[PDB]
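Cβ atoms come from the backbone with ideal geometry, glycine included; neighbour counts cover every protein chain shown. Basis: the model, the stated rules and, where named, an outside source; nothing here is a laboratory result.
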Ligand SMILES: NC(=O)c1ccc[n+]([C@@H]2O[C@H](COP(=O)([O-])OP(=O)(O)OC[C@H]3O[C@@H](n4cnc5c(N)ncnc54)[C@H](OP(=O)(O)O)[C@@H]3O)[C@@H](O)[C@H]2O)c1
Ligand SMILES: NC(=O)c1ccc[n+]([C@@H]2O[C@H](COP(=O)([O-])OP(=O)(O)OC[C@H]3O[C@@H](n4cnc5c(N)ncnc54)[C@H](OP(=O)(O)O)[C@@H]3O)[C@@H](O)[C@H]2O)c1
Ligand code: NA
Ligand code: NA
């Protein structure tokens, strides 16, 4: 199978390339690498010689592929995909971008949750497979066990989203902001006798100052938060908040009887893990031990963290999870509202299960089943 | 009125002293300053000469006061308060500490919400007035308008709590952690061609390394979060999470018909503002304009931020709120679960309304009404 890689050089793409090298995915395919800025120079060598970088916008080049895996983004998909399909291309389009998620001809791919749906699509002629929004995917990797048993009546999701979700430059800005904060008070920090109110005054001044690097975020992220992600929608939701409901219900095949999913999506000063605090209304009073088992046994990556203080602090954090495929979920307990209310807190890496991982896994499923 | 100040030198105390200087509170009282480490040296001059620092543990000194305002902490109150009352002291005890909050002889003081309760207490012989938990106070300052009309059926609160809540040393640690993160990748940050994955790898390594300053938190806060605050309780709540329900219902005088309040309390890398994402179940379908008006008109400090993207990013953040008495609340909208579900996101300064402000205000109310 001849497979085109688009957007391989960027952040999501680079994570994908690393994982494909680790799992030796290139042994299984004839890779063809594409570019927008380096067309015609030698392609990267990830174990296999793929020749030259091809033109990402050249429909005649793309047409010759059996599949495309693209991490290039929505603008690219909007330009290229319709032209490709119109040209009669029947190849597999595997996409990180949100563009085609809600298209009737596309399946949102998160195989530990919806493998059967993916297999059914492959059998019955589906050629477009799209990764879900990072938040949706990470939530379902954590709570798949509850959703598959149809136990969720509704869910409120308050998120703690890392800078990586906004982009590589936003991550860089976060770290730079951290540096500027510390620089402003490094002297008083080194002095044990210094006043916390003096330190605080300078930190606040610095974060507000013109010189504080805010070109990407518009406002500080380090030392703060931003309770709005993506464009506004008519009902008052941000696009990020809206994605959860429509995408999860499509993945789960519940579009005829959708689970209400809503909440506030908040950007915090984490590097590359998204965390979520969930109020989960269940249809039945189910004992906590049974809930924990249902959750734990759903997939190989979810990890139930015992509701104890010290283990939570060590395990249920971005610092622990970053750069790993582990999806810990903890603080599992019934809430004051009733024994059909379940509290959960989960953390997952935004670039792995939230981006790159479903793409490479979908490739392997297609290879086995086509 | 002869008023003792205990814990005036610490973080909360220092904020209190600043506010008392700003509002010229010392004109109204004969201040007597106490100490544990500098007994017998000249007291601070905040406009008035108060003589020498007295022994904070000397019951014979405390007995001579008409009132005590203490920011010293729970350990101090546990040691001193029972002995003071047993000695027949009938003075006013105004306390930042959690110790006496749930005692039947004490009123939790948050006058923009419960002035009438405070006045009734003063009239009928209450001598102990205690500030509520920072999270509870800040939530009620935002949502007082809804709670006073008895419209809240239940509320789920997912918090974003600043380092200041844990203490001055924890704030210092947060900033130091930020510095260490930036130091590790400052070179690659200055290089536009550097790889985000290389930067990420080093940041992750650094946060995990032994040398990362974590003596106070135990784990990283900068670049991460900690979804556990304070000791575990039997039902699986942390003490911080438990405080919300019992304290809010006492403030509101609803102990006979309590509103269920629960959620997860999370420490994030903010300096001194606590933020909260709330799922509020209302008893009635009330139009959003009416909800906004009810909220906005409750008190002088709550600020309804329009549910628009750019204004939210500028106004509804720790960076905006820090060091001010403003309590913005935004993202006000009906949720997917139904028109009796209300989403709200609020930010408030932890040291002002969450600590120092109710103490000085209670002093003034007592002076007027006694
Ligand atoms: N302005 C922005 O912040 C912006 C821009 C792009 C994407 N995005 C978002 O990010 C998602 C795409 O994932 P991503 O974050 O992985 O995209 P990304 O990092 O921006 O990479 C996408 C493409 O940009 C090119 N690129 C430009 N400068 C680069 C650099 N310094 N290092 C590596 N590649 C560079 C590369 O294509 P070539 O090899 O052909 O040069 C790469 O394949 C999209 O869904 C989109 O929403 C935002
Ligand atoms: N180990 C801890 O992290 C610890 C310690 C204390 C309080 N707390 C918590 O914090 C709350 C009290 O508020 P807070 O945070 O304002 O307390 P704080 O900053 O620790 O100040 C409380 C007292 O500690 C003394 N102190 C010791 N070192 C100091 C320093 N370097 N600068 C100024 N004062 C110093 C002061 O008393 P003197 O003037 O008599 O020396 C001060 O009044 C309590 O509710 C408690 O839970 C925690
Ligand atoms: Na700036
Ligand atoms: Na350490």
Segment A:199-244 - residue that is within 16 Å of ligand 2 (Cβ to nearest atom) and touching a helix residue (DSSP H, G or I) at 6+ places or on another chain (Cβ under 9 Å) and, of those, farthest from residue A:183 (Cα to Cα): A:200
Qualifying residue in segment A:186-195 (condition: in a loop (DSSP other than H, G, I, E, B) and more than 30 Å from residue B:165 (Cβ to Cβ)): no
Test: residue B:174 is over 28 Å from residue A:337 (Cα atoms), assigned to a helix (DSSP H, G or I) and either without any contact (Cβ under 8 Å) to a residue 40 or more places away in the chain or not assigned by CATH to the domain that holds residue B:345 (or both): no
Condition met for residue A:169 (outside the structural domain of residue A:202 (by CATH) and surrounded by fewer than 21 Cβ atoms within 10 Å (Cβ to Cβ)): no
Condition broken by residue B:27, with the remaining ones in (1) under 25 Å from residue B:354 (Cα atoms); (2) away from chain A (no Cβ under 14 Å); (3) within 15 Å of ligand 2 (Cβ to nearest atom); (4) free of Cβ contacts under 8 Å to residues at least 24 places away in the same chain satisfied: (3)
Any hit, segment A:130-148, residues being more than 18 Å from the chain's Cα centre (by Cα) and within 16 Å of ligand 1 (Cβ to nearest atom): no
Sole exception among (1) closer than 20 Å to residue B:167 by Cα; (2) touching a residue at least 12 places away in the same chain (Cβ under 8 Å); (3) surrounded by fewer than 18 Cβ atoms within 10 Å (Cβ to Cβ) for residue B:35, by number: (3)
Some residue of segment B:254-269 being under 17 Å from residue B:140 (Cα atoms) and more than 11 Å from chain A (Cβ to nearest Cβ): yes
Test: residue in segment B:140-157 that is within 24 Å of residue A:310 (Cβ to Cβ), without any contact (Cβ under 8 Å) to a residue 40 or more places away in the chain and either more than 7 Å from every other protein chain (Cβ to nearest Cβ) or more than 16 Å from ligand 4 (Cβ to nearest atom) (or both): no
Some residue of segment B:308-327 being surrounded by 20 or more Cβ atoms within 10 Å (Cβ to Cβ), touching a residue at least 60 places away in the same chain (Cβ under 8 Å) and touching a helix residue (DSSP H, G or I) at 6+ places or on another chain (Cβ under 8 Å): yes
Set A:49, A:27: member being more than 16 Å from ligand 3 (Cβ to nearest atom), more than 27 Å from the chain's Cα centre (by Cα), over 24 Å from residue A:243 (Cβ atoms) and exposed (fewer than 13 other Cβ atoms within 10 Å of the Cβ): A:49
Residue A:83, sole failed condition from (1) more than 14 Å from ligand 1 (Cβ to nearest atom); (2) touching a residue at least 12 places away in the same chain (Cβ under 8 Å); (3) assigned to a loop (DSSP other than H, G, I, E, B): (3)
Some residue of segment B:218-229 being over 20 Å from the mean Cα position of the chain (by Cα), closer than 14 Å to residue A:189 by Cβ, free of Cβ contacts under 8 Å to residues at least 12 places away in the same chain and crowded, with 21+ Cβ neighbours inside 10 Å: no
Helices (runs of 4 or more DSSP H) within segment A:281-369 that include 2 or more residues closer than 30 Å to residue B:199 by Cβ and within 11 Å of another protein chain (Cβ to nearest Cβ): A:309-315, A:318-321
Exclusive hit being in a loop (DSSP other than H, G, I, E, B), without any contact (Cβ under 8 Å) to a residue 40 or more places away in the chain, facing chain A (nearest Cβ under 8 Å) and surrounded by fewer than 20 Cβ atoms within 10 Å (Cβ to Cβ), set B:236, B:210: B:236
